[PDB]
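Fold and geometry: a report
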Amino acid sequence: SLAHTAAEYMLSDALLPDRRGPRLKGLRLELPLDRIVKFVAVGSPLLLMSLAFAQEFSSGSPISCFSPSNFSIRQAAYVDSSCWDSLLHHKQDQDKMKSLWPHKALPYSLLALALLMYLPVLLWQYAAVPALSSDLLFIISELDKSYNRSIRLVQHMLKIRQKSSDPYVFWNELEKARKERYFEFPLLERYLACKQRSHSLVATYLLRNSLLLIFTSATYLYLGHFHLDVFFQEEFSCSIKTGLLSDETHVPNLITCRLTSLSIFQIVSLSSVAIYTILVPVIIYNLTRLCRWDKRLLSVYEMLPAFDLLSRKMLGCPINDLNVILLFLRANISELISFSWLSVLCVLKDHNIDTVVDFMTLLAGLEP
Amino acid sequence: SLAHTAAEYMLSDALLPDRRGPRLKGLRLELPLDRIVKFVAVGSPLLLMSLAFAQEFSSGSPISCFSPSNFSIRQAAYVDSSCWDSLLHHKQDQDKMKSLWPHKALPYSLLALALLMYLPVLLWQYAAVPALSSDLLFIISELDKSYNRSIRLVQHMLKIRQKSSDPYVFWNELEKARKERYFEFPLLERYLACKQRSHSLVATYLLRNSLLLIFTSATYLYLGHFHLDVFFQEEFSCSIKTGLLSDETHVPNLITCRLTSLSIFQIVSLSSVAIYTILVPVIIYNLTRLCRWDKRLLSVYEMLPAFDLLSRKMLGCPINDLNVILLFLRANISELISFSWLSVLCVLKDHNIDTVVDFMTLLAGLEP
Amino acid sequence: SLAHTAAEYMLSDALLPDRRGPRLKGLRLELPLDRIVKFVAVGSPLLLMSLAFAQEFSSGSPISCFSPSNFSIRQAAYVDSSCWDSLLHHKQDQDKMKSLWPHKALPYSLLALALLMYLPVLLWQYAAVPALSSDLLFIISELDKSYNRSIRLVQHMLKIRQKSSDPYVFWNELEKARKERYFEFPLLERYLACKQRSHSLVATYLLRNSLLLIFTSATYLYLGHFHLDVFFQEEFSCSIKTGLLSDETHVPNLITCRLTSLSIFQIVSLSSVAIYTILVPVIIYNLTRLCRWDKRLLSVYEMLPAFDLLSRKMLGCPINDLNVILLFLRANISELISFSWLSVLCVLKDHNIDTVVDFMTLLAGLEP
Amino acid sequence: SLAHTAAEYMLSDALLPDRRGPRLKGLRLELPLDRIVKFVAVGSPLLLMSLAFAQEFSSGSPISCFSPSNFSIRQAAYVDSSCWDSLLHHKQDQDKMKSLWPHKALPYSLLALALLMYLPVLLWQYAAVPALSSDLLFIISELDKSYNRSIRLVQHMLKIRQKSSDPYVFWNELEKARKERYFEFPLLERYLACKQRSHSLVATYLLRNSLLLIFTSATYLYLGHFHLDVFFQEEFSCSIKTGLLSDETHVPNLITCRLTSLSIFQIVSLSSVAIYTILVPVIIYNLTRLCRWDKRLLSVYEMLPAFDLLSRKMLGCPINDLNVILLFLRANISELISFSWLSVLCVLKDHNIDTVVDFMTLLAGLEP
Amino acid sequence: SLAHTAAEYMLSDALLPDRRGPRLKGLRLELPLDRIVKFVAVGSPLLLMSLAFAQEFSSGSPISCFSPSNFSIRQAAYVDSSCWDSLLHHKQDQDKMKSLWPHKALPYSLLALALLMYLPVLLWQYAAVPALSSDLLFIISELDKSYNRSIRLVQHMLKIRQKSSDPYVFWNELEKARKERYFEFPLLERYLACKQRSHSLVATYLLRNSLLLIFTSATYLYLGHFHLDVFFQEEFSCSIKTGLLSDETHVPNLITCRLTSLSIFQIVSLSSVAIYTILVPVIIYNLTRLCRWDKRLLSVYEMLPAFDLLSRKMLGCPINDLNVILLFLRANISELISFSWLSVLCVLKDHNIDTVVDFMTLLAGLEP
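This deposited entry lists cryo-EM as its structure determination method and 3.25 Å as its resolution.

What follows is the structure, encoded as structure tokens:
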């Protein structure tokens with residue numbers, strides 16, 4: 001089946017024969033909400049198209065005709081197959097030959113919608129995946145040096161505090177460490193500054209979401225203009241004597257052609273509206289995600305040395321490449337190593353009490 | 001077949017191409033009862049839908065008509081295919097055209113139910129699996145330090161007891177070990193305290209079960225309102241002359257249309273009730289599981305150093321994140337290492353006799 | 001299905017059983033735009049051919065006939081199967097027997113176009129892939145020596161600058177390093193010079209794109225000459241008595257033969273025009289890519305020792321082997337090692353400020 | 001389908017279950033032109049045979065009959081199936097019963113041609129592959145000793161030249177190295193001499209190409225003798241009363257039998273001529289390849305020590321085993337090791353200037 | 001299809017699930033000519049059987065009948081299906097009811113021939129493969145000690161010859177080495193002597209070839225006795241009133257039954273003769289192979305120490321186990337190690353000149 005081929009051609013990853021290396025393994029380049037939206041926006045028209053051609057209706061004929069008994073079997077087949085290509089209600093009300101082309105174009109329209117909704121996925125894959133992957137992995141490699149440089153070369157501070165009055169050393173020793181060369185990273189404050197003034201992935205993300213929104217609007221227009229007119233129309237009167245059959249002796253207006261699969265058309269015309277009105281607010285929520293700064297976990301991020309640079313750059317216009325980098329980092333920061341200490345520092349959510357809270361928590365997180 | 005595709009699309013794991021690493025191997029993120037409920041609540045409508053389209057009924061036609069002998073083959077096919085889309089019992093009792101739409105909507109309803117029952121699974125997978133996995137693996141890693149720290153640095157207590165009167169040292173030496181820095185973990189008493197005051201996975205678990213309960217109630221309403229009325233109705237009188245065929249000379253009320261697949265409809269309408277009334281009390285049992293504290297094995301848990309913190313936090317409202325963490329831990333605590341010593345300490349189920357019971361059991365569990 | 005076989009025979013890689021070694025893994029020998037063009041220009045006629053034979057039209061007959069009622073079933077089948085091979089509108093307007101052969105030749109034409117559009121792919125695979133691969137991997141191996149030779153044997157310059165006035169050493173020490181034997185590569189300035197005067201892959205690239213352009217023009221001519229004439233013609237009058245049936249008593253001009261699949265023909269005739277008018281400007285953009293020198297990143301390339309030779313050779317006719325080598329290098333330079341330092345040196349995009357900018361950035365990029 | 005089985009039975013490698021070792025991996029025993037010729041000469045008749053039985057014509061009947069209306073359905077089936085086995089145009093012009101057997105024999109002829117064109121492939125596989133593989137791998141193993149013996153034991157010549165006047169040592173030191181025992185190989189000058197006087201693979205190559213040429217000529221004769229006569233003949237008059245039906249009362253000459261699939265026959269008869277007239281000059285080009293000595297790269301080959309023996313043996317009759325060995329070596333010399341230095345020595349294409357050109361190029365090609 | 005199952009059940013290896021070890025990998029237990037004969041003698045009847053049931057004839061009926069118009073459809077089906085089981089030409093010439101049973105027995109006969117031709121393969125696999133494999137691998141293991149014992153412990157002879165007059169030492173030193181204990185193998189001269197007097201694999205080989213020859217003769221007898229009589233007979237007159245239908249009123253002699261698939265029968269009857277007259281002389285050539293001693297390469301074999309024993313045993317009756325061992329060794333001697341030195345010693349094909357020829361060739365073949 002065509003849907004079987006499209007199941008693996010689209011709606012999945014089509015890069016390399018897989019099992020290559022770290023290009024795809026261990027890194028998530030698509031947000032779970034984006035993946036769900038892509039799946040339920042691409043496979044849904046494909047699912048409806050498959051349901052149109054499924055075992056629910058065992059083939060049969062999409063059109064039925066009431067031809068006179070004088071007609072043979074082949075003549076009846078001719079007058080019923082010549083109307084599936086000439087869907088025109090020759091109404092007696094001049095001669096408004098209203099067309100019923102959506103009935104024949106439904107599979108074409110569904111396939112066109114399925115192909116169209118895959119364009120934003122291709123745009124994201126071939127316009128933002130490489131640069132975003134490079135930035136994410138470089139930043140992850142740089143931030144992986146924030147454990148053997150934030151405690152293991154900082155545990156000498158424990159030696160300094162424990163000799164003197166520890167509460168006093170908690171507030172008047174830290175300026176020496178904050179001014180140390182190795183304590184502050186030398187490359188992140190420039191890379192992040194450069195990324196702050198560049199608008200490249202923000203444009204791609206906004207285009208990816210706006211294309212889906214515009215395609216949903218186009219689907220609404222298609223189903224409100226062409227459909228919803230021939231929606232309760234099941235019978236139409238045709239005319240076979242509209243050509244070389246004019247000089248003959250048989251039914252001029254072969255009345256009462258019937259659309260056998262009208263119910264499937266009606267069900268699809270509503271399931272293509274409900275499914276996408278489900279997705280209408282999800283896209284705008286995805287757009288809102290980038291437009292709002294997030295500071296719910298800034299308290300613990302600012303404490304750590306390397307993440308202090310990320311926390312400081314929290315001002316200005318929210319539309320920056322750094323925002324997309326942060327959005328794809330927080331979904332990827334917990335790959336295999338930050339899963340044991342960053343996820344632990346969640347107790348601090350309420351700098352006086354915070355001054356002494358690390359009296360026993362920070363050193364207790366040692367790997368051995 | 002569509003059921004063949006849905007067999008692997010749903011009703012299984014759809015994350016990664018597998019064989020990746022420790023993300024899924026060795027960790028059980030779904031309780032066996034939850035897995036059974038999900039399987040028998042998702043595949044059951046799919047199984048019934050497949051049985052509707054299976055070899056049991058070799059296609060055929062879902063409707064049969066008794067048309068006059070004057071009608072040709074094509075005319076009879078027209079009058080029998082124009083009634084499967086116009087199921088309306090034009091009864092002579094005014095003109096109550098009772099519809100028989102459930103007969104045509106049964107596959108649609110079954111597919112809709114199958115898709116709806118997969119929503120709680122998606123909610124659990126994309127709203128609680130990451131945080132629960134992180135908490136579970138962190139707690140497991142911390143508790144894995146409860147064997148080389150509860151006997152191997154405690155076997156010096158054997159040296160102390162064996163020199164003096166061992167029964168006396170069984171009760172007056174332990175305060176030194178209980179006050180030792182390394183004996184008591186420094187991070188668990190804070191992580192568990194933080195998790196006690198957080199209600200995040202409790203809400204997700206309750207929502208996951210309540211969605212299934214509400215969907216079962218909706219299925220009951222659907223089968224009690226739309227079904228159970230056209231349940232013993234097998235014959236209905238139609239009307240083809242309800243349109244452009246009005247000005248014709250043939251049967252006005254084409255009486256005695258017959259629903260060929262009424263028996264399948266009746267069997268499905270009962271197997272969709274029995275199967276879900278089997279599942280009605282299982283869901284409430286799953287809800288009860290979280291609402292009741294468990295203390296059947298507290299006697300052996302309190303003896304161990306690390307598990308003493310877990311045993312102490314056994315008071316207050318049962319609805320806490322720690323309850324879900326414990327429920328998913330006791331089903332996962334016995335992965336590969338706790339399978340040889342924790343499962344052995346089951347003899348203690350009856351502190352005077354318990355004082356001397358470990359005279360030979362604790363030290364005999366040494367790995368060499 | 002034939003399309004199923006052509007899916008794996010073409011439209012993919014057909015060299016070796018794969019999993020061999022570094023022949024294909026880690027090296028990209030086809031640009032993403034070229035890959036997209038090849039896919040959407042080869043599979044599109046195949047997709048339309050599959051749609052012609054898909055479940056959308058459940059086989060049936062491509063021609064229908066209105067034969068007299070005296071004819072038997074076999075006689076009607078004869079007069080309807082003898083016209084699908086004799087498509088000739090015997091119009092009464094002398095005796096212009098206009099042929100409708102495109103209706104029968106549509107699958108043949110689609111298969112011919114699909115096979116023809118694969119010729120440039122074969123030409124690129126068997127005329128430029130080996131030499132381009134050899135040059136690319138040799139240049140990559142030579143350029144991989146530009147990290148342990150541009151800083152690690154250059155960090156002594158740090159020792160020289162830090163002793164004296166560093167700003168002065170920033171401008172009067174570099175002539176010694178620029179005149180050093182090891183600092184300047186001894187093979188690239190000759191290999192690139194040889195490649196500059198050779199036009200071998202430029203001709204292959206231009207031929208590969210021009211063949212696709214010429215085939216698109218041929219498709220336009222085919223659809224504008226043979227099609228677009230029998231486009232709204234659905235009925236034609238045939239003649240069975242044009243031979244040994246002349247001396248018989250039956251319909252001389254068996255009027256009103258009908259093309260059942262005219263709608264599919266019309267849709268294909270438009271989808272084969274829209275899809276390729278989408279591709280018309282992409283090919284000329286690909287041609288433009290080679291014809292224009294690129295200097296958007298020359299500022300950082302000139303700073304590096306090895307890439308200085310590449311940056312210097314930026315004059316003359318753009319049509320040279322070095323241009324194609326650069327085009328396939330910039331898409332392949334970031335394989336696994338240049339992904340951590342070359343992608344970082346993007347801050348320099350605005351030699352006075354550039355003199356002191358590397359005071360801290362260059363040495364901070366050390367691997368440990 | 002039969003074509004599906006023949007796709008993997010032929011048109012590919014049928015030796016071992018693969019993944020065995022170096023028997024096939026890393027060695028190319030078939031030239032790309034030979035592979036293309038074999039593919040497009042073996043699969044083309046198979047492709048046409050598949051197209052004859054494809055979805056393009058949905059089975060049906062290959063013959064149609066115009067029997068009188070008195071005949072029943074079974075009688076008409078008898079008189080139409082008794083003519084597909086008795087294709088004889090009983091023309092009224094004595095009684096020249098011209099046969100139309102190519103219409104029935106087309107699939108048989110296509111399968112016979114597909115099997116026949118596989119004979120040269122089997123001949124090459126079972127008559128020249130082992131000896132050629134042995135010679136190629138032995139020569140490759142011997143020539144792999146031309147890098148650690150042409151510079152690394154020759155770099156002492158650098159020590160000799162740099163002490164004295166280097167241009168003088170460029171021309172008066174080399175006689176010592178040319179007379180050294182290890183510098184000149186002791187086995188190649190005898191193995192190549194033995195292969196020069198042996199004509200074993202030349203005969204096999206010539207037979208392999210001439211068999212394909214003769215089979216193409218036979219196909220031309222078949223399509224020009226048996227076809228091209230019944231090419232525009234679509235109707236023939238049969239006779240069922242040519243036996244036990246003679247004493248009956250029905251149509252003596254059942255006129256106007258019709259060949260339903262005449263168009264497919266006509267298209268195949270032309271596509272089997274065009275495809276092979278495409279291949280006619282390719283075979284003679286392959287024959288020309290062996291008949292002409294190649295000296296386009298002799299300048300760099302003569303410089304190398306080991307390849308000097310190959311370059312010297314460039315005289316006499318071109319038809320020798322050494323010619324085939326060289327043809328299969330130049331397509332295989334660049335396997336994994338000669339890909340970094342032999343492909344670089346392309347600058348020398350114009351012995352005075354050549355005397356000093358290696359002043360810096362030869363030593364710069366060192367592996368470290 | 002049955003042929004699909006027989007493709008993998010037979011015509012290939014059916015021992016173990018493969019990928020086991022050195023039982024099958026690296027060892028060739030079937031000669032290429034024997035493999036070709038087995039393939040083209042077993043699959044050919046299977047190929048013809050598949051062609052009988054292929055898409056070439058779309059099922060249909062193998063028999064057609066000309067029943068009177070009074071007969072219904074079911075009556076005609078009865079009288080045409082009651083003759084495919086009662087093929088008897090009730091000729092009017094007493095009452096010689098000639099049977100046409102080969103038409104019905106053709107698939108049975110083809111399957112029987114395909115099964116019968118597999119008997120020699122089973123006999124070879126289960127009667128000679130184990131002993132031959134053991135003998136071959138033992139002899140190969142013993143002969144693998146003929147390189148580190150024929151030069152590396154013989155290169156001291158170089159030290160002896162180079163000190164004195166080398167031509168003199170070429171002829172008067174060798175008697176010492178020929179009389180040395182280690183130089184002459186102590187097991188081969190007894191194992192080969194034992195195998196010379198044993199006739200076990202010779203009988204199996206002769207039986208394997210003679211069974212195929214006898215089966216070919218039986219096929220010739222079958223096609224010359226039962227076929228070739230009903231070969232141009234296409235029409236026969238049947239009789240349905242030969243039983244309980246005798247007391248009825250309908251056609252007594254239902255004349256003119258027709259064999260619809262006579263052409264397929266005729267083509268198979270000729271392709272089963274040609275394809276086996278091709279194989280008739282190949283089998284006798286295989287028999288001749290064993291019956292003639294081979295001494296074309298004895299000159300180089302006698303020079304080597306270990307192969308001297310093989311070369312000496314070249315007298316007597318050619319029918320011995322040693323002959324089969326040699327035949328399967330020369331096709332297997334060049335597995336992975338003898339591929340670099342035995343295949344090189346081909347220059348000696350013309351003991352005076354041979355005395356001094358090894359002055360340089362023998363020592364030059366050293367592995368380093």
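Helix and strand counts for chain A stand at 16 helices and five strands. Its C-alpha radius of gyration of 32 Å places chain A more than 25% over the 21 Å reference for a compact globule of 368 residues. Its C-alpha atoms put chain A at 115 × 40 × 30 Å along the principal axes. Split into buried and exposed, the 368 residues of chain A put 44% on the buried side. Measuring between centres, the 36 positive side-chain charges of chain A sit 7 Å from its 33 negative side-chain charges.

Turning to the arrangement of the chains, a few remarks are in order. What separates chain B from chain C at the closest point of their C-alpha atoms is a distance of 14 Å, and the two make no contact. Left apart from each other, chain B and chain E have a closest C-alpha approach of 19 Å.

With respect to topology, three strands assemble into an open sheet ordered β1-β5-β4 (chain E), the strand pairing being antiparallel. The strands lining the two open edges of the sheet, one partner per strand, are β1 (63-65) and β4 (235-236) of chain E. Sitting on the sheet, helix α3 (residues 73-81) of chain D is in contact with β1, β4 and β5 (257-259) of chain E, with an inclination near 125° to β1(E).

What follows concerns the interface of chain D and chain E. Taken together, the 44 residues of chain D in the interface contact 45 residues of chain E. Per-residue buried area on chain D facing chain E is highest for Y78(D), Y108(D) and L244(D); these three make up 17% of the total on that side. The tally of links from chain D across to chain E stands at zero salt bridges. Taken together, the links from chain D to chain E amount to nine residue pairs in polar contact. Elements with a contribution of two residues or more to the side of chain D that touches chain E: α1 (2-9), α3, α4 (101-116), α5 (119-127), α6 (129-143) and α10 (188-196) of chain D. Per element, the largest residue contribution to the side of chain D that touches chain E is five residues, and it comes from α3(D). By residue class, the composition of the side of chain D that touches chain E is 25 nonpolar, ten polar and nine charged.

Notably, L11(A) is not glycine yet its phi reads approximately 60°, a positive angle. Within the secondary structure, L11(A) sits in the loop between α1 (2-9) and α2 (32-52). Positioned with a positive phi, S59(D) is a non-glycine residue whose angle comes to about 55°. Residue position: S59(D) is located in the loop between α2 (32-52) and β1 (63-65).

This brings us to the pattern of salt bridges. One pass over the full model with this rule turns up 58 salt bridges over all chains. Between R312(C) and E184(C) there is a salt bridge, with its nearest N and O atoms 3.9 Å apart. Placement of the pair is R312(C) in helix α14 (residues 305-312) and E184(C) in the loop between α9 (174-178) and α10 (188-196), with a sequence separation of 128 residues. Looking at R312(C), the relative accessible area reads 39%, which means it is partly exposed. Shared partners join several salt bridges into a network, and the residues in it are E30(A), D34(A), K38(A) and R208(A).

All names here are of chain C. In space, the three strands of this open sheet follow the order β1-β5-β4, with antiparallel pairing throughout. Taken across any chain shown, the strands that pair with only one partner, and hence form the sheet edges, are β1 (63-65) and β4 (235-236). Pairing of β4 with strand β5 (residues 257-259), which is carried by two bridges, proceeds in the antiparallel orientation. Residue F236 lies in a different strand from β5, and its bridge partner there is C257.

On to the environment of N332(B). Residues and elements named next belong to chain B. Tracing the backbone through its elements, the reader meets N332 in the loop between α15 (321-330) and α16 (353-356). Residue classification places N332 among the buried positions, given a relative accessible area of 5%. Sequence separation between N332 and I140 is 192 residues, and the spatial gap between their C-alpha atoms is 8.9 Å. Aside from chain neighbours lying at most four places away, what touches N332 is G26, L27, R28, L29, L136 and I140.

Parameters and conventions
What you see is numbering from 1 along each chain in written sequence order, possibly unlike the entry, with residues lacking coordinates removed. Starting at A for chains and at 1 for ligands, labels are handed out in the order in which the entities are written. Any value reported refers to the chains on display, which are one part of a larger assembly. Excluded from the side-chain calculation are hydrogens and water; included are all heavy atoms of the structure. Note on conventions: DSSP H or I runs of at least 4 residues are helices, E runs of at least 2 residues are strands, and numbering of each starts at the N terminus. Atoms counted for the radius of gyration: C-alpha only. Globule rule: 2.2 Å times the number of residues to the power 0.38. Partly exposed residues are those whose accessible area sits between 20% and 50% of the maximum for their type, while under 20% is buried and over 50% is exposed, using a 1.4 Å probe and protein chains only. In summary, the charge assignment counts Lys and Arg as positive and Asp and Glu as negative, without counting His or the chain termini. Positions of charges follow a simple convention, taking NZ of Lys, CZ of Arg, CG of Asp or CD of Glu. Residue contacts are counted whenever heavy atoms from the two residues lie within 4.5 Å of one another. Here a strand pair is declared whenever DSSP counts at least two bridges between the two strands. Every axis corresponds to a line fitted to the C-alpha atoms, with the helix fit spanning only the stretch in contact, and the corresponding angles, defined between N-to-C directions, vary from 0 to 180 degrees. Values labelled buried area give the accessible surface lost by two parts on being combined, using a 1.4 Å probe and summing over both. Salt bridge, as applied in this entry: a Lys or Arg side-chain nitrogen positioned within 4 Å of an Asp or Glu carboxyl oxygen. In protein, a polar contact means a hydrogen-donor-capable atom and an acceptor-capable atom, both N or O and within 3.5 Å, with residues adjacent in sequence counting only if both atoms are side-chain atoms; elsewhere, any N or O pair within 3.5 Å suffices. Here the nonpolar group is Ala, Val, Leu, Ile, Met, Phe, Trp, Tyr, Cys and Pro; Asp, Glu, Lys and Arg are the charged ones; every other residue, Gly included, is treated as polar.

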